[PDB]
Amino acid sequence: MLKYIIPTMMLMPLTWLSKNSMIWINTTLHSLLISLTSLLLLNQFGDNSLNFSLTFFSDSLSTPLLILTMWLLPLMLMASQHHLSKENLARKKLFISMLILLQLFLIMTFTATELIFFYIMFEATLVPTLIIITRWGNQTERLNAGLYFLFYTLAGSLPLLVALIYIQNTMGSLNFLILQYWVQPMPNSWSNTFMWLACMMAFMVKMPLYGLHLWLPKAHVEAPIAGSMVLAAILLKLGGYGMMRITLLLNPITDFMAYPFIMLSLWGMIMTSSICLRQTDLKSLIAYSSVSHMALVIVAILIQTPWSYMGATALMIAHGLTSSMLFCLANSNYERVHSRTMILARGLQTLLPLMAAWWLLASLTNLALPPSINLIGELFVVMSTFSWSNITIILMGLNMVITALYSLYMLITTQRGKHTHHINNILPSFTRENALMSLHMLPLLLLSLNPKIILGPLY
Amino acid sequence: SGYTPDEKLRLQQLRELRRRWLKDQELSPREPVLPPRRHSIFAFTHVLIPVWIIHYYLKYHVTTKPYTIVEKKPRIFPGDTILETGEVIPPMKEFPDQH
Amino acid sequence: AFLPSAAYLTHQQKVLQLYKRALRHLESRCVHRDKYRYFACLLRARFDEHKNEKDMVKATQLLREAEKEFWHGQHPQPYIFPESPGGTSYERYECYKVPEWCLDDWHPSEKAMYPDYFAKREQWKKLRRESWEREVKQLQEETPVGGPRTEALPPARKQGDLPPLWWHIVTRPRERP
Amino acid sequence: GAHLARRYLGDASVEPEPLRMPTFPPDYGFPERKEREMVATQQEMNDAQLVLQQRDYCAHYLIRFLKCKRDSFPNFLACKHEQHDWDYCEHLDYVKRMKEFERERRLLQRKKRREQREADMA
Amino acid sequence: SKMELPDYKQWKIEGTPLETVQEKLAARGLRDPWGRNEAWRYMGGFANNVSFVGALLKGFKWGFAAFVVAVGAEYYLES
Amino acid sequence: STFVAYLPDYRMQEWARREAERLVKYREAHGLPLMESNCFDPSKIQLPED
Amino acid sequence: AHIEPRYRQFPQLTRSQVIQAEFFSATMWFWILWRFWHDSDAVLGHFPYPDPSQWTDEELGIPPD
Amino acid sequence: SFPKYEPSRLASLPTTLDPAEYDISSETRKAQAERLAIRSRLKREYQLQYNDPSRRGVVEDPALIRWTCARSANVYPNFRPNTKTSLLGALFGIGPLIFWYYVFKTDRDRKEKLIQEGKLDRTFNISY
Amino acid sequence: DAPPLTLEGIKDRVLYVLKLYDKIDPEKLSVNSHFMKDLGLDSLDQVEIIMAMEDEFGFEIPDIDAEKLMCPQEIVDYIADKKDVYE
Amino acid sequence: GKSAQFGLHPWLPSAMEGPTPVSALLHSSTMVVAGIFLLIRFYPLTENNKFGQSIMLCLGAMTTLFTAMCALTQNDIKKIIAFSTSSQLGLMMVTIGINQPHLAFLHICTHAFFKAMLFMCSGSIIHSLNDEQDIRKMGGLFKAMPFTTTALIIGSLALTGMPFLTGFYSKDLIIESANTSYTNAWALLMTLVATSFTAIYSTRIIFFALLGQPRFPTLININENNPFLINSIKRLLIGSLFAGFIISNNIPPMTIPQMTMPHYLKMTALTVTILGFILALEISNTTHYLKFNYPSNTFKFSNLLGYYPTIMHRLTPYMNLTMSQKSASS
Amino acid sequence: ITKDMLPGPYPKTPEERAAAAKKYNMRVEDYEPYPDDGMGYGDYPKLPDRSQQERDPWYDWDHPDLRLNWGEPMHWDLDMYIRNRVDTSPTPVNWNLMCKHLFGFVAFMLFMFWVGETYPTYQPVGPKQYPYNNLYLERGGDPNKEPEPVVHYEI
Amino acid sequence: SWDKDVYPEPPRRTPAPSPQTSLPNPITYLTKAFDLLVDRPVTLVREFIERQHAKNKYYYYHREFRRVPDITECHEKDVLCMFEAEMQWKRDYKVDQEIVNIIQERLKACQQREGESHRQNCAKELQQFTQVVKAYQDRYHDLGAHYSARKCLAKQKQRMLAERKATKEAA
């Protein structure tokens, strides 16, 4: 994986040695070159993963996440290049350096063969997001957003690391190419129960699980939108990678223990859909929708069937793209009106038609319109959860009503109706904004034609 | 009730301004200033090219794949004759007629 | 009770509004013109027979009985005019009521497509922006202490001076754009 | 259509249940009874691709109607005689069906007269 | 822009059911001050409207004539 | 899009047809069953005592 | 040309719409009468309905008891 | 005589059938006059801040931001855990979880005891 | 559909509706003729006129504006403002 | 959910708020039959099953009776034809619920034609009266719009099931299969009452919209001479006159026809249609008297959409939003 | 916006109640808060809990699509009480009578449907007759097993 | 083309088109128009592309894997040979999945091509599909999303002990 890490660490001086007016152009161009270069990871076989070296490997699972990450960096760079025009040049380079370091830690996270390495850089990712959230926000509560985001996640994983070290004393190696053959069944005891809890709770917090989701809306209604997109789209996927790398070792005790987690996830996804039905802020509504989607992903990986794994990976990637572009929509609205209220700016279809079209496409892809990959993943998870038990479909069915009901309503009061009379600073569409929106939207439609590249490690 | 002279005079002036603006909403004859720049073309482009393309695709790319265009066999009635074999289905027994 | 100018509805106004609503419901009840005319004349004769009653409390109680029978004998679906609220075409054409300041956002390559209109628009805007200080001078001395007591806007008291706060009430576009 | 009132408001014993009938022996009072006849042999009846709902006992008129429809294109209205013959055969089958209903009803009513005679003397 | 309006004396309430309505108010001692407003709907081509059976059998004469002509044509055709 | 459209036989999926297209062609010509309930050889396993 | 609107009077009627409407009504009634004379079956009946009470016992094969 | 239209949560009394309109006490018109004065002050302020040619921006209503701050940020600081709040939280927080847990649990034991004994029909179920 | 109307068209219409009213004599009416002062009708006759105009133009006038316009010229002004004449 | 039956009906009358051709296509002829098309698509599974057949037959009869009852006394023309097409959807699920697939498919093919043509005729009438859609202001349009008069009369006759029309080739077969089978007697009774109610509301549309004395304002802008509207109504009139006969001729025989039945079970459709016509003629003649009848609970229950958009569209959103906010969000 | 513009805690005395009433710019007596039952409402004014369709539609509102003015202390549930949501319009019929009529109608004809299920209608006919042992082979049965030969007899 | 054993289809029997009435049908005329206007240029461009194909004709080969010792002869916790055993097991898993896919294709083709009487003439395809479905359910079902050759071998062992217990308890 040295053919992508070295470009990132070599682009680091490029954003440090660039001129006073060509930082954005050079960084965007070279990040797009890295994004094209990243397509070589798809040399996948039906039996063996592409094991690059001793400490780097990438199966069919992590490759779409890597492609999403280093396609996501230029979108973040375009989405965060407006409000930082008055910011000092050294701090502009600091922000771009923070984004570059976050990408580097993310790509090193998904390809770490050893689980200790994966943990170490999986919360080396914690420093840049905390710095960006606390420094480049726009409200007072960002200070509180630096606490609840941090002291949740670490409190889930400082047990977990100990458990990982215990496996290093039990199996003798935490390598994932070894542990697929050296894995032993887990007996039923209180010690194995607490080992399962310690190995589960960190990524349960990082999804987030319902009850532990309080850090997600408080860290999204105030972030700079580069931070909002990286948090919603790719930073929540570390929990999914933790599931699909850890659940091999936790069999068969997971089957008769994950009942309250599934109950909490299902009823909390119902609750968060209902909370989306009665929200006043765009950012909080999108964050609670993300909570519902990650609760669905939690159920999908907890029932551990192959169809569920396909649906979980597809839903993860599709939800990441959709939530990132929804946050782009909300950022455009907050840029134009300087507020986050939903009822303030209404009837923008009368003034902005192309943003209305992007709103319509975002809302259609949010409620899993076929044949998009969101519908593919959601349908596969629906069938897998029906295979787990029958009555679950009832607990799905209401949600599939509610996940439509707000998804259009959040559109309608922002786009349809009589426009607000005392608002007159609604500028037309900047080409940068619509270029970013199309760069978000076109891959999401394109992946529907060829879904087999994002269908998990067992397609 | 009626109109106070203050409010009546106010609405009179407002109606004067409204009539003025709606008079000025008309456009002069020269606007808009546009910048400067077959009978059977529909039945050939929109029909015949799709027929040729879809027939090429169906003949040399879909029929080569097995079990793609699966067609129901035609019904066989007494007194018919198969062209590809020549064997005749033998005649059906006489009807025990009632009418 | 809720009015732009008044704070209390006089009993005469309430009687007139009852007459209007009850006769509209009567027209919505019997469709044909002859029956509507006959029953409208009957209702007008009833209100005329109870017109000569100068007692405030007696007209108060008669109004209360009248409202009670009117709500007791009203049609479930009264006829509503197509432009009235609750009608079939209420705020239907409002999707084309684009305000004028969107013409501020036009590209200069299209602002030369209609030169006379845009010149007229800029001179109208100049007229408005020089009249703004005059009209706020008009309100700043005519308004009573502690803000206005009623929402009725004053007229223009001087020749040549524009009406005060004239812009956003006169600027609303045509109902068929 | 008085059988519904004779069954529900009256007595349900007189009208037999159409779900399970006839339950009486078929040779009861019918010596040398001859069964119905099928004209089309099963292979020649099956190769015409005829649906199972229409696989009646006299489908020769039906298959001749299908042949007439299949070889008279485009003059679709040239095979009403075969349709009339098929309608006649289906009508005759329906006469057989209400004859079976009347036979069952009269036989069971004869059983009622029999048990009434048992009540009279036995 | 400018349309001509008809004479306002040619709108009379006589010959209409509004005349019977005014008869009813004259029987009960009232006046019908809005009969002239609705008088125009009850005269001219707007009046004399056919009934339901007359609405159903519109054009029955031509249809029956064509039917008897066609049945005579087929009667001669079969011969 | 051009790269992922002409990607060389992802996970040998098309290959998974072709060998299978051979395999049944073997066992439909020799009377063998299509697939067996035993994934491995049932004679090469030491069954534990009961 | 376009019909100018008329104030509280009968609107102008072009001969074309009246001719086409009478034509369609004529073909409607002609088709109804022709189909009723030719077929005369689905509106009135196709086959006679035999009564259940006119059957004898030797058709039903009931021995007397 | 006449049906008494009862008040309801989903069917309020009309503005015309309410006796409160038709009382002739003096504080009624005094309150209506002071409400009209408040509304006139607010409307005058909105029209002066809204018809300005110089202003290009959102008229910042304090009521909107006040309501959005009172909806979320002002729930915990004025919350005191008493019998009613704790009872409602325990009723709506752990009740449905326990109900769904028990329903899905007994469904799981029924399905498992059906499938180990071979009674569950799994003839064609090969995709899971 | 729905041709625009000039001020003289609605003026002809309003004088036509006034002339078709039995209480109005067809000679003494004008644009500025007050209903209570020039002609001396009642409030009920004013609401009758308002209903006649509402039914004639096919749209609803609010009750406050129904009672505020007190001359035929005020009716013409309100109708011409609501339909936005002279475009 | 798709054909707007009982439980989930009121979106079909609610969806008349859009443009007239949008209604005339989607919620009159094409999109609403997708659920019925799915039902007749899966006929080999519903053939051998009795529970689903019984419950879907009862749901269809419930839907057609309630929607016809609501259509009896409504005052909006587009709402009337919306309830008409929902009653037709209930009738089509009734006849697929009695194991007769191709009759229901033929009814779909005929119903698209004639219901679409009624919708565009009503839309032409609406546009000619300046966007006014109340049946209590139209009428006297027999000689005003003779082309749409003829088309609307033919369409109402075809909707009622008059002999040798396009509705005759499907609805009469449907009702003769419904009479002579092992059905529920209550479902058959509500099918006949629904047929009578279709006759009643169709002749109500004819009487209140095409006959009588005019009720619209005096600005007469009557015009229908545009060639597009004339050509379209002529095309669908030719379709609703002869395409039903063509389709009923050219469909292959895939079901056993039933034609041996008594006379009182064969004259049923025409007699019930004529009885409904006579009863609504009595109502229309009695409405002309200069009297006043105080409405009972029947008119309130009928004109207010069975109170279903007044009770189920007020309590369930209140409960859902109070559960979402007071119990969950707060 | 400052520390006394955002809503604060519950006002107890008349003086702080008047300060809160002039904070929302309404009447002092008409400003009355929710009871302090521990649900964290605060000093927000309690509206009389009516919908927004009941507002005057002809009045020149500041926001016409919402019928809401500027500076008004709005409802605690403005999002719930929009025109596009739950409506509290005064119905011409009683609500309890509406519920009773709907429940009685639905229950009555559901009971009648089940009664008709108990006692169905039919035709005076016999069973349908099918040849070849009621089409044993055409039903999908195996040919290696010979069925019981059942014949259908004429009458 | 394709092999005719793996996708078997019965020979076609098309009856003779003989007109009964004197009215001609447009199907023959439109078939002639299709053969003239459409089929001829399609065949011309097809002979063009195949003639350009004939100049450069190189071959590609089907990859074949030799048989490797399976999971039964693997020493425990010695990854260097159970890796190969798992590799072979995954390849056989994909092959068996495609085998059930091709049997499903056969069943669907039979049911479509047999018309309205498919319930009797596709008995052989139904028996083959049921046998292959039972084989797949015994071989691979209920393994979980983390399937491995050890889990499949343990499931096979448990099934063998169940069968031996059923034999011994009913001997």
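Quick notes on this one:
To keep things simple, chains are lettered A, B, C, D, E, F, G, H, I, J, K and L as they appear, and every chain counts its residues starting from 1.
Everything that follows uses one rule, which is that a contact is a pair of C-beta atoms (placed from the backbone, for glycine too) under 8 Å apart; a residue touches a chain by one contact, two chains touch by 3 or more.
Steps from subunit C to subunit F, minimised over paths through touching chains, total 2.
Of all chains, the one whose mean C-alpha position sits at the greatest distance from that of subunit C is F. The geometric centre of subunit C is 75 Å away from that of subunit L, both derived from CA atoms. Once the centre of each chain is set as its mean CA position, subunit D and subunit G turn out to be 32 Å apart. Put simply, the C-alpha centre of subunit K and that of subunit L have 51 angstrom between them. Shown for subunit D are the residues that touch two or more other chains, namely 4, 18, 30, 33, 46, 49, 51-52, 56, 66, 87-88, 91, 94-95, 98-99, 101-103.
Counting partner chains per residue, subunit C shows two or more touched chains at residues 3, 33-34, 38, 71, 76, 82, 91, 168, 174. Along subunit A, residues 46-47, 278-280, 305-306, 343, 418, 421-422, 424 each make contact with two or more other chains.
Within the complex, the subunit H residues that touch subunit C are 2-3, 5, 14-17, 21-22, 28-29, 32-33, 35-37, 39-41, 43-44, 47-48, 50-54.
Contact residues of subunit C toward subunit J in the complex are 28, 30-35, 38-39, 73, 76-77, 79, 82, 88-89.
On the side of subunit D, the complex with subunit L involves touching residues 46, 49-52, 68, 71-75, 78. The touching residues of subunit L, counted against subunit K in their complex, run 117, 119-120, 123.
Interface of subunit A with subunit F (complex): residues 39, 42, 44-47, 60, 446, 450, 452-453, 459.
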